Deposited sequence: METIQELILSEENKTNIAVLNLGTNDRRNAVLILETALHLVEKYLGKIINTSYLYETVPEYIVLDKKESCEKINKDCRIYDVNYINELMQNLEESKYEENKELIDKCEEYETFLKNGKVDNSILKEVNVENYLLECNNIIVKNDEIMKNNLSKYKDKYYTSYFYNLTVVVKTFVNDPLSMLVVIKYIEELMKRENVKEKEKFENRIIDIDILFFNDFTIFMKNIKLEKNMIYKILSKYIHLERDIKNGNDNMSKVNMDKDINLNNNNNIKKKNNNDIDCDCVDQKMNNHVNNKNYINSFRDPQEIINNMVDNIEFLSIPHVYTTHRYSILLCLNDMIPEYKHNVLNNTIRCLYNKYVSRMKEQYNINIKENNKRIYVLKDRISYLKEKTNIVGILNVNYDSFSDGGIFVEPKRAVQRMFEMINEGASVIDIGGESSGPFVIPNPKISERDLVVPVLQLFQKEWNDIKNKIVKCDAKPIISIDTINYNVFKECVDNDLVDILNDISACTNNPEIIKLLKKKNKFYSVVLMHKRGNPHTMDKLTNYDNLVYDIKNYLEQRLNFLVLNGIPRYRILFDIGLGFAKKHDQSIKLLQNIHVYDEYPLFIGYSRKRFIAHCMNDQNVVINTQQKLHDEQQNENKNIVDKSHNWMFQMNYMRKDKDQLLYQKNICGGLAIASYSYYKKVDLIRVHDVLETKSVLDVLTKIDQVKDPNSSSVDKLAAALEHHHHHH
């Protein structure tokens, strides 16, 4: 069989929430099936290196290779046209009354939530839960929110010292042997916490908005939107304030919308690798947190791979390391860099439509890599003419969204996908402005944009060659300011120092010590006479 398995992942260690939660994912890819959906990483309010190069192999092979549909997943969503459970089913009232009891028994730091959908070979929840629990020990808490359309309840189980073997044998080519049983007292599906823990309902809204379990009184979106709605008028809380969406560039947490990172452009396009590493160094000094390297006679690979090499050396010569992204659509170039640890991010200006296979290089059995998906049409010679859009803003958004869905169906972690509207690519000047005017449409999403030096900036101003050069750099800093206030996550610029300076001042003006001083100081003045 193949079932649809919705897990919920967890951790506490901020410094390593990545390292941990990502490993939980490799295992889930290995031992239960294929990850076909993840959600955003979230921060919520209520040695391990070596381990990898030796672990028991799964009783199945992995399909690294791509897919565009999943019928089982699709059944699941609708749902319920699946073979009957291999375990005792339970009614509406049966479940409603039993759920309550489990809650009050348990009635008597930061949390990091990350749902997942799994195409699973495993036969049933219980069997799943065993495969899971074993997983936990090998290393963090991994629930099951759903298993097909099952309304399951089972109240007591003890299991063997060999049974554990025999289930964990059916799936895995194998002191912790018994360690599991005092914990596996229970199995509720849907999980009990499901309607109650907000972090959960928040991870689900990413993945399965339109879902509806029968033992649930509305859809996961209409459930989510009621939690948020009510927790505002009832308690007067804004619940998103303390539950913050995360995205990851290398290995660290980044809170969506809380910074505008500078991405320094290094464009190698007779030319001299020694300089290009000096320029990288400069850039780091000047404020850049990312360097975007690209070439695009002799080859892309020759222009880019050495320079990244010289760099990777000279950095060991001398951990505030610049994040490195490569501006490439070339599968092979990216394969090298990634096999050689030369880069952290793929900047793919074709949103990985040049060579969808490139997505495969974004995983290893231990490491994930983040990607910039950019929208364009055609190439630099034709794109100027490729300017008709039905609904400019939304067409580009939907394009990027579909594009993300694809990587995510192929187990590229959502939180590692960045969107880029691609300013100046198959856009008239007024269309580049309209996109900026409307950038709020990306408020839910990690956003990366590149306005720097582009022709449209010039157009908005209406020796004489060098005046326009200067005005163009100057005009850019307006867009940096705009970007700062619209809270764009990354901006791709040639002029780091000027950009950093501007972002520095803007940051200060905004750094308030006391958020009520404004109204307090006003009231004091009005009582002074």
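- Residues of the deposited sequence lacking C-alpha coordinates fall in the stretches 1-13, 60-83, 146-160, 192-206, 242-303, 399-407, 435-444, 467-473, 618-656, 724-728, numbered from 1.
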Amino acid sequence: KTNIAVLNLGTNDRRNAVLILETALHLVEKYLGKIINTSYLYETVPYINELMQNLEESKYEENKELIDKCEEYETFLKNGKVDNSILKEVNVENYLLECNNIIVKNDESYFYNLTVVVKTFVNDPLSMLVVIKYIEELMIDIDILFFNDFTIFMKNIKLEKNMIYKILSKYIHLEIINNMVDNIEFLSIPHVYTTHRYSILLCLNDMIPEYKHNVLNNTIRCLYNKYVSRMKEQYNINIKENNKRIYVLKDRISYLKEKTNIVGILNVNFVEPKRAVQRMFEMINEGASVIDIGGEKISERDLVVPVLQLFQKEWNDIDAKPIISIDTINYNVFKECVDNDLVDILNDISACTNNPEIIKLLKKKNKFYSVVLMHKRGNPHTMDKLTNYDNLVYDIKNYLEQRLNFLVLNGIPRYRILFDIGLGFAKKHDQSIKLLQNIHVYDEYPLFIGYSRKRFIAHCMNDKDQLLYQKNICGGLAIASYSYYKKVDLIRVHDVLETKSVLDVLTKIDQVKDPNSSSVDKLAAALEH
From here on, numbers count along this sequence of modelled residues.
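So that the term is clear: the rigid core is the largest set of C-alpha atoms that superpose within 1.5 Å between two forms.
- With every structure aligned by its rigid core, 229-237 is the stretch of 398-406 and 229-237 whose CA positions lie farther away in 7 other deposited structures of this protein.
- Structural divergence in 7 other deposited structures of this protein between 157-165 and 434-442: following superposition by the core, 157-165 has C-alpha atoms lying farther from the shown form.
- In this entry, 227-235 has the higher mean Cα B-factor, the comparison being between 227-235 and 204-212.
- If you average the C-alpha B-factors over 395-403 and over 338-346, the higher value belongs to 338-346.
- Across the options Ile36, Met461, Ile48, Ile491, the residue with the most elevated CA B-factor in the record is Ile48.
- Highest C-alpha temperature factor among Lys161, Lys360, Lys434, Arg416 per the entry: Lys161.
- In the deposited entry, the Cα temperature factor of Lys500 places it in the lowest third of its chain's modelled residues.
- Ranked within its chain, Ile189 lands in the highest third, by CA B factor from the PDB record.
- The PDB entry assigns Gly80 a C-alpha temperature factor belonging to the highest third of its chain's modelled residues.
- Per the deposited record, the Cα B-factor of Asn179 falls in the highest third when ranked against the other modelled residues of its chain.
- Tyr60: CA B factor in the highest third of modelled residues in this chain (values from the PDB entry).
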